[PDB]
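J.: Quick one: structure below, then a few questions.
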Amino acid sequence: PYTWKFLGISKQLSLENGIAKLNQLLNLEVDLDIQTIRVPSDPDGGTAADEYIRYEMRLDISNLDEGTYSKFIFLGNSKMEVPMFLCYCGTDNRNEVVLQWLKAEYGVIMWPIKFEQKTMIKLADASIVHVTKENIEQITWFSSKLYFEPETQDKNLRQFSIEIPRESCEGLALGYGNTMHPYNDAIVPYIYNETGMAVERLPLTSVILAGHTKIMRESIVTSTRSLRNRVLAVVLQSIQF
Amino acid sequence: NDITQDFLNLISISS
Amino acid sequence: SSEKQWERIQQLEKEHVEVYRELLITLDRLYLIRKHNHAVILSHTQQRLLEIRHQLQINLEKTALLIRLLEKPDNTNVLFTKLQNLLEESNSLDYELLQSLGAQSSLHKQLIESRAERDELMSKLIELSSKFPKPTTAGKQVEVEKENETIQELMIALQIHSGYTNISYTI
Amino acid sequence: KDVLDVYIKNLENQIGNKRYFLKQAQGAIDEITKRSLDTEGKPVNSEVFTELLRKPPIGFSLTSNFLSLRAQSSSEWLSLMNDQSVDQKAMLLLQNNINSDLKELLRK
Amino acid sequence: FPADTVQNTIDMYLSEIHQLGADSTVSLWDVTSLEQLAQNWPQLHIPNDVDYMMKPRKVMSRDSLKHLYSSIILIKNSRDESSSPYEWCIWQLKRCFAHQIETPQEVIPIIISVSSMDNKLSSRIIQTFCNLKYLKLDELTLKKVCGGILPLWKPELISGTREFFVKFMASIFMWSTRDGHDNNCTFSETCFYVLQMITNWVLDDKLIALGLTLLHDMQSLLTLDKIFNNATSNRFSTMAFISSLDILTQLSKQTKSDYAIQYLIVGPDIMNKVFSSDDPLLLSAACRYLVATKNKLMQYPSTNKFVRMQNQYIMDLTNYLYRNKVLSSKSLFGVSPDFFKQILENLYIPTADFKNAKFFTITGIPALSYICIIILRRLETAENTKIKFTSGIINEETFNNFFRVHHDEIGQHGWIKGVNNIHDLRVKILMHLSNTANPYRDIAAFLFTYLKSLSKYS
């Protein structure tokens, strides 16, 4: 149920410097958390430039629904050419008010974000993975469902799907061997071998992990109230050029 | 000045 | 029909001339390296004179077969009849290119004089703005404005709903 | 079809002739450059270059492609050219409007 | 509510109905007129919301004021690196090359228009984006962009500018040849644009030797065979060069400003090249350049090499086109005549009785030969000749063959009366070329000045 929308930020604003004028503008005081995280800790992902700084800001007069619960997330890094992006959820229009304040205050210019098919697959890979307290990676399997919607003459082929239960996903990943990004590593090559179909090239519309999340063209829908850090890191790395 | 012609001649040598 | 083979030749002639040119490029310096076993370092100007000679060879050869076909314009070869149109277009197209090539210079001169005018204007504006006085508590005034809004809008409503005979700008 | 059939056959035979000529030519290049066992190069003598400057359907191919390539490339130039003129002129009249507007601001 | 604009005026009113679902200081957004801007000048302040200003009826339409917001900001704030229009134009332009923008063709028109002005901004775009790397990312935007800005650009620094351009220009040339695709003509279009810019660099009293050297440095590239082959002759090279050659004709006519004799004559390596080609417009440009070169010729002593080479052009050009005594020449365009007889071996000609004289005349020079067919057709039509040139291509034997059968009545009337020998037909072919009607008139007009008989006929 928890949807999301992402915007890009053209300057590494220090949000804490300006919280008060937002508060009086919004007629309420918002929280502001600070986290310096090291999300891509795997060796091939890197051990430097991992120092993303995360901000949790919330407009919770209450938390009875997403609109009241609507919480913003800023995550940035100084080495990043465009330094920071933004996330928010819910239909509440106070989000628009705070965005207006940002753009008018810091002289910053902002735009919405899109995803590519490969971006979607990478994000889905990032959604399943979890880390234990011992700093050890682990994977939780969900019944994946690829869902495409091509354009063809006379609507010959309107839509088609490839559903992959948990057992088949786990079996393909194990057959490929010990790996960390099974959807890109094993599943898609298997689909191509069995059907000659290039999932990357085909017009993907959604990647649904049943009971966990729905990844879509313009938004992320999540079972949990929040997004785990690798999701946000993947988003930021996708913002760039 | 002549280095431009030398570079141009290098392109000519590459043609 | 015959158009299939005609187009087969329209591509095979590109192939033929490409290959004839590289054949000349091999022949000339094969003869040169025949004179000296390692004459591979022919100079840029020497290469260019060789290129000029080969361009003149294009001149002579295409002249040769243009003479072959047009010296007796007998139209027996169907290919010659197509070469007639192929020659007509080449010289019919030229005037438009010449005229546009000429005219764009005048258009760009208009652009340049506009830019020079504009630069003069910006210099003057910068000077005057530098010479100007600098730009410059309204709690009572804004409250007065709120009173204005309330009065004017409230009557703009009530007069309409009172059927007033002369609705006007209440200010 | 026969006149085009015979002509395509003659030009394909001549193309094959030229393929063999190029192949044996480059073979000669390779062998005589092997005789050039050194990486260096002999200064190509002017007198040798002078005597190379004293000794030397084909033309229809040459006429046909020099002329056809003269055909569309010209129309492409003027078309791309004229496309530039129409929109840069549109910039110029918008340019002059802003200058004309700003000219009275200057007087203001 | 003008009549011609009612459709537009009704459309915008329609669009306003369709698109709905289909303190002491003053804000710049709040003002409604130029007069109001004038009056509240010391009260106005610019909101720091850059994106709104840069992109988009009796009541005021602030789009009309938004046309001036950019200029106003550049005047209120002394236009400098901190000026907000500089960042937004750069930012979206970076997004355009990244393909992250939703519609680059919607943004770029604002960019090229704005960046055509504010030279220092124009330089910044050039420094950041005029490079091979951004050519890799998107050629179309770069060629569309740089072509828009660079004709109006002025280099504040002379030093290193040509070297930066020559290095860049060589790369794009290699980019086209690396592709090997003639449709990758971006080199040619860029050549036309920079030479349009070079007009300003030579309109400037200073940095004019900069323009000349860059002009000649480029002109070497265009004349390389692989970009302009007389067999595989892509036009784009030809129009690009004659444009660059054209600039020298204006430069010669504006010789009130003096110049160094080097880089005034285009030089032999260029002229024997264009002579070896046969595009008649290119030939028209060549003589049209030499008449401009002629206007500068008498200002130098005859016994200067630069005068001596250009005396060789006109002599060979006159001999190749009209005098017809080429075999007796020491060389034709640097090539000895002993070829020409040998080249005509394994070169089958219908009337081999005249193998040689065909090539030494415009009536047999290949592109000009077909032109001469068109010239004679109009001459026959204007003359209303009942007799007609039987052959297509014109030459001495085609000329004489059909008169000998008509000779006993050619003396009275039936064919062109201004001709009695082949030289006269070549002359009368030029007499039509001696007027404003032809685009190729200059080849005849230029060479009248040297051949005394042709001058008299003109």
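Every number in this text was worked out from the coordinates using simple rules, so none of it is lab data. Note that each Cβ is placed from the backbone with ideal geometry, even for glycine, and that neighbours are counted across all protein chains shown.
J.: With a ≥ b ≥ c the root eigenvalues of the C-alpha gyration tensor of chain C, is it rounded (a/c under 1.5), prolate (a/b larger than b/c) or oblate?
T.: Note, shape of chain C comes out prolate.
J.: Another question, then. Could you give the size of the charge dipole of chain C about its Cα centre, using +1 on the Cβ of each K and R and -1 on the Cβ of each D and E, expressed in debye and rounded to the nearest 20?
T.: The calculated dipole for chain C is roughly 980 debye.
J.: For the peptides C:64-71, E:431-438, A:43-50, what is the packing order when you average, over each peptide's residues, the other Cβ atoms within 10 Å and list the highest mean first?
T.: Per-residue Cβ counts within 10 Å, averaged per peptide and sorted highest first, yield C:64-71, E:431-438, A:43-50.
J.: Under 5 Å between amide H atoms, partner at least 5 residues away or on a different chain: which partners does A:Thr213 have, H built in plane at 1.01 Å?
T.: Placed amide hydrogens put A:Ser223 under 5 Å from A:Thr213.
J.: Let me ask something additional. With only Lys, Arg, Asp and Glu charged, each at its Cβ (+1 for the first two, -1 for the last two), find how big the charge dipole of the protein assembly as shown is about the Cα centre; round to the nearest 20 debye.
T.: 3560
J.: Please state the relative contact order of region E:133-265 as a whole percent: Cα pairs under 8 Å, 6+ residues apart?
T.: About 23 percent, as a whole number.
J.: Next question. Rounded if a/c is under 1.5, else prolate if a/b beats b/c, else oblate: with a ≥ b ≥ c from the C-alpha gyration tensor eigenvalues square-rooted, which is chain D?
T.: In terms of gyration-tensor shape, oblate.
J.: Chain E: percent of C-alpha pairs farther apart than 36 Å?
T.: 50
J.: How large is log10 of I(q)/I(0) for the protein assembly as shown at q = 0.04, 0.07 Å⁻¹ when the intensity is taken from the Debye formula with one equal scatterer per alpha-carbon?
T.: Results for the protein assembly as shown at q = 0.04, 0.07 Å⁻¹ read -0.32, -0.86.
J.: In what order do E:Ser455, E:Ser123 fall by count of nearby beta-carbon atoms within 10 Å, going from fewest to most?
T.: Lowest count first: E:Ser455, E:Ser123.
J.: Going toward the positive end of the dipole of the protein assembly as shown, with +1 on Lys and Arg Cβ and -1 on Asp and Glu Cβ, which of A:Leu28, E:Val194, E:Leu332 do you reach last?
T.: Going by the charge dipole, the pick is E:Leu332.
J.: Would you please put A:151-162, E:215-226, E:180-191 in order of how densely packed they are, using the mean number of other Cβ atoms within 10 angstrom per residue and starting with the highest?
T.: E:215-226, E:180-191, A:151-162
J.: To make sure I understand the rule: partners must be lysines, Cα under 30 Å from the Cα of D:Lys9, and not fewer than 8 residues away in the same chain. Which ones qualify?
T.: C:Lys4, C:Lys14, C:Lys62, C:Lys72, C:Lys82, D:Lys1, D:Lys18, D:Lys23, E:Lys226, E:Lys355
J.: I've got another one for you. In what order do A:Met216, E:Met117 fall by count of nearby beta-carbon atoms within 10 Å, going from fewest to most?
T.: Ordered from fewest to most neighbouring Cβ atoms within 10 Å, A:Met216, E:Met117 come out as A:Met216, E:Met117.
J.: Still on this model: Please report, in whole Å³, the volume per residue of the convex hull around the C-alpha atoms of region A:154-241.
T.: 155
J.: Just want the ordering: C:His38, E:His407, from fewest to most Cβ atoms lying within 10 Å of their own Cβ.
T.: Placing the least packed residue first, the sequence is E:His407, C:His38.
J.: Right, something else. Gaussian network model of chain A, Cα springs within a sub-10 Å range: biggest mean-square fluctuation belongs to which of A:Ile121, A:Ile220, A:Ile109?
T.: Between A:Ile121, A:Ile220, A:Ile109, it is A:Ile109 that shows the largest mean-square fluctuation.
J.: Over chain A, what number does the Rg to Rh ratio reach, with both radii from the alpha-carbon atoms and Rh per Kirkwood?
T.: In chain A, Rg relative to Rh is 1.00.
J.: In this model, which of E:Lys66/E:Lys253; E:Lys325/E:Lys417; A:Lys79/E:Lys136 are farther than 32 Å apart at the alpha-carbon?
T.: Long pairs (Cα-Cα over 32 Å): E:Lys66/E:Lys253.
J.: Moving on. For region A:115-150 and region A:7-78, compute the distance between their C-alpha centroids and round to whole Å.
T.: After rounding, the separation between the Cα centres reads 23 Å.
J.: Let me ask something additional. List the relative contact order of chain A as a percent without decimals, with contacts defined as Cα pairs under 8 Å and 6+ residues apart.
T.: Worked out over chain A, it gives 22 percent.
J.: Over all pairs of distinct alpha carbons, what does the Kirkwood formula give as the hydrodynamic radius of region A:86-131, in Å?
T.: That comes to 13.3 Å for region A:86-131.
J.: Report, ordered by chain and residue number, the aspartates and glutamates lying within cross-link reach of D:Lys42, taken as a straight Cα distance under 19 Å and ignoring same-chain residues fewer than 8 apart.
T.: Straight-distance partners of D:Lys42: C:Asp28, D:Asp30, D:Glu31, D:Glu51.
J.: Now, a different point. Quick one: putting +1 on the C-beta of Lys and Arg, -1 on the C-beta of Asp and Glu, what dipole do you get for chain E around its Cα centre, in Debye to the nearest 20?
T.: 1640
J.: Follow-up question, since we're still on this one. Just going by the charge dipole of chain D, with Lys and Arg at +1 and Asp and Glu at -1 on Cβ, which of D:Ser61, D:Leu102, D:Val44 is farthest out on the positive end?
T.: Among D:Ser61, D:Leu102, D:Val44, the one farthest towards the positive end of the dipole of chain D is D:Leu102.
J.: Per-residue mean of other chain beta-carbon atoms within 10 angstrom of the beta-carbon, peptide E:207-219?
T.: Mean shielding count: 1.
J.: Which peptide among A:65-78, E:233-246, A:22-35 comes first, and what is the full order, when sorted by highest mean count of other Cβ atoms within 10 Å?
T.: Answer by packing, highest mean first, reads E:233-246, A:65-78, A:22-35.
J.: I'd like the Karplus ³J(HN,Hα) series for region A:111-120: coefficients 6.51, -1.76, 1.60, θ = phi - 60°, whole numbers in Hz, and an x wherever there's a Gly or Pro.
T.: 8, x, 10, 10, 10, 8, 5, 5, 4, 5
J.: For the pair A:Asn27 and A:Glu56, what calculated FRET efficiency results from E = 1/(1 + (r/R0)^6), where r is the Cβ-Cβ distance and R0 = 22 Å, to the nearest 0.05?
T.: 0.60
J.: For E:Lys296, give me every one of the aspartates and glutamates with a C-alpha distance below 12 angstrom, ignoring sequence neighbours fewer than eight places off in its own chain.
T.: E:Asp258
J.: Report the one residue of E:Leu68, E:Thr449, A:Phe115 whose Cα lies farthest in the direction of the positive end of the charge dipole of the protein assembly as shown (charges on C-beta: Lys and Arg +1, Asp and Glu -1; origin at the Cα centre).
T.: E:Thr449
J.: Right, here's the next one. Per residue of C:77-88, count partner chain C-beta atoms within 10 Å of its C-beta, then hand back the mean as an integer.
T.: Mean partner-chain Cβ count within 10 Å for C:77-88: 4.
J.: Another question, if that's okay. Find the relative contact order for region E:190-285 and round it to a whole percent, using C-alpha pairs within less than 8 Å whose residues are 6+ positions apart.
T.: Over region E:190-285, the number comes to 29 percent.
J.: In addition: Counting partner chain Cβ atoms within 10 Å of every residue's Cβ in E:354-365, what's the average?
T.: Going residue by residue through E:354-365 and averaging, the value is 2.
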